[PDB]
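Enquirer: Take a look at this one; I'll ask things after.
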Amino acid sequence: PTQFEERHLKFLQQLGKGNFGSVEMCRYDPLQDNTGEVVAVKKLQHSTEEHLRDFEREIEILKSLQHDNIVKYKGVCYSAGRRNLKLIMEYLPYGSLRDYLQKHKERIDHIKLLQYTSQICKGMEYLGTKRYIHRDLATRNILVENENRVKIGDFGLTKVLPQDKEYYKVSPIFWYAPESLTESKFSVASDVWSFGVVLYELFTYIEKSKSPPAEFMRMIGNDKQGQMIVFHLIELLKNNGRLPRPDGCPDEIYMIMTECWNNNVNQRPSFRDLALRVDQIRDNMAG
Ligand SMILES: Cn1cc(-c2ccc3c(c2)[nH]c2c(C(N)=O)cnc(NC4CCCCC4)c23)cn1
């Protein structure tokens with residue numbers, strides 16, 4: 001049932017490439033008539049034991065999760081020669097929130113942007129109740145089912161919190177909280193930070209010039225060296241350097257962003273909290 005047969009998975013197109021993963025659109029079509037279900041398939045870009053072990057854990061993790069705003073696990077598919085291992089998932093027809101927002105911005109108002117925001121908060125809340133830290137939260141990882149539902153769509157860098165400890169110690173630096181940057185410590189709090197950045201991406205409607213890597217580079221200066229970029233970002237963050245209130249953004253909204261971007265871990269709000277505020281802010285909007 002959870003087992004998918006490699007010969008019946010017809011390739012259709014590529015959808016994209018993540019950290020070490022690759023994503024394909026496939027039809028699972030045993031009857032050979034093309035009536036089978038279109039599904040999304042993630043596999044190791046280039047397989048090795050460590051990545052496989054990691055990937056199997058990613059799989060156990062997604063298997064772990066039932067939620068409205070988390071993409072649906074379907075099953076797995078073992079390749080002959082055990083060369084690939086594939087994660088089978090429900091196909092969401094609009095791609096990532098990044099690209100969806102990128103080109104249907106005309107019909108996306110602040111109101112919708114908050115429906116999207118609460119949904120993401122709830123997913124993370126639930127993620128949170130399972131003691132899982134996403135670590136890689138961003139519009140490019142959030143997927144659009146239809147205009148009224150988005151789901152967290154990748155968990156390729158998701159980790160389990162050790163039984164006692166409240167953080168994990170071990171990519172995309174402009175979404176990272178500072179203690180993740182300096183101490184490599186990830187937690188529910190570092191996810192709230194990144195979520196602040198997602199909130200930002202949202203109300204920038206993904207102008208390419210207004211992306212976080214761009215805006216921060218506009219600070220770090222595009223003249224700096226290599227590793228020198230992190231180091232300057234840190235310093236900048238240490239002294240409360242922050243992304244700007246995007247054009248047209250309500251300070252009520254921006255205020256959450258900066259609340260999430262708190263140098264002090266514990267002062268950062270909870271997803272529980274965040275979801276409620278957003279929802280209330282939403283209700284108010286009446287026009
Ligand atoms: C032409 N056409 C393409 C799309 C469009 C293209 C992109 C994606 C797509 C539909 N549906 C998904 C699925 C899903 N579970 O079905 C999972 N992740 C994807 N992208 C990942 C790439 C790596 C980074 C993480 C996200 C895609 C819509 N129309």
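Following the order of the structure tokens, chains are lettered A, B, ..., residues in each are numbered from 1, and ligands are numbered from 1.
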Quick one: contact table of range 144-252 of chain A to range 35-52 of chain A, 12 Å max, nearest atom pair and distance in Å to one decimal per residue, counting only C-alpha atoms, chain and number order, as a tab-separated table?
Expert:
residue	atom	partner	partner_atom	distance
A:153	CA	A:40	CA	10.6
A:154	CA	A:42	CA	9.6
A:155	CA	A:42	CA	11.1
A:156	CA	A:42	CA	10.0
A:157	CA	A:51	CA	11.2
Enquirer: In range 172-209 of chain A, what's helix (DSSP H, G or I) per DSSP? Answer as a ChimeraX atom specification?
Expert: /A:173-175,178-183,188-203,208-209
Enquirer: Work out how far CA of residue 253 in chain A is from CA of residue 142 in chain A, in Å to one decimal.
Expert: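 These atoms are spaced 19.7 Å apart.
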Enquirer: At a cut-off of 7 Å, can you tabulate as a tab-separated table every residue of range 21-132 of chain A near range 191-206 of chain A together with its closest atom pair and the distance in Å to one decimal, using only C-alpha atoms and ordering rows by chain then number?
Expert:
residue	atom	partner	partner_atom	distance
A:98	CA	A:206	CA	6.7
A:101	CA	A:205	CA	6.0
A:102	CA	A:206	CA	5.5
A:105	CA	A:205	CA	6.6
A:113	CA	A:202	CA	6.7
Enquirer: Can you spit out the residues from that selection as a compact mmCIF listing (two decimals), in the first residue's frame, using N, CA and C atoms?
Expert:
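Generated file (again.txt):
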# COMPACT_ATOMS: atom_id res chain seq x y z
N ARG A 98 6.98 30.74 -3.62
CA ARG A 98 7.89 31.67 -4.28
C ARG A 98 7.40 32.05 -5.68
N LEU A 101 3.51 33.23 -6.02
CA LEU A 101 3.37 34.63 -5.63
C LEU A 101 4.04 35.50 -6.68
N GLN A 102 5.19 35.04 -7.14
CA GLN A 102 5.99 35.72 -8.14
C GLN A 102 5.20 36.21 -9.34
N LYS A 105 0.61 37.95 -8.43
CA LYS A 105 0.61 38.93 -7.35
C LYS A 105 -0.56 39.91 -7.44
N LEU A 113 -2.35 36.91 2.00
CA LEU A 113 -1.00 36.71 2.50
C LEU A 113 -0.99 36.31 3.96
Enquirer: Applying 9 Å and only C-alpha atoms, which residues near range 220-226 of chain A remain after dropping the ones on its own chain fewer than 6 positions away? List them as a list in words.
Expert: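 Contacts, with the query itself left out: residues 232, 233 and 236 of chain A.
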Enquirer: Need to verify the contact set: residue 173 in chain A, 10 Å, only C-alpha atoms, exclusion of same-chain residues closer than 5 positions in sequence. Can you return it as JSON, numbers by chain?
Expert: {"A": [136, 178, 180, 181, 194, 212, 213, 229, 230, 233, 234]}
Enquirer: All residues within 8 Å of ligand 1 are required, counting only C-alpha atoms and all ligand atoms; please report them as number ranges by chain.
Expert: A: 14-19, 21-25, 39-42, 71-72, 89-96, 140-144, 153-154
Enquirer: Here is a test: counting only C-alpha atoms, which residue of A:158, A:190, A:266, A:117 is nearest to residue 279 in chain A?
Expert: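 Ranking A:158, A:190, A:266, A:117 by distance to residue 279 in chain A, first place goes to A:117.
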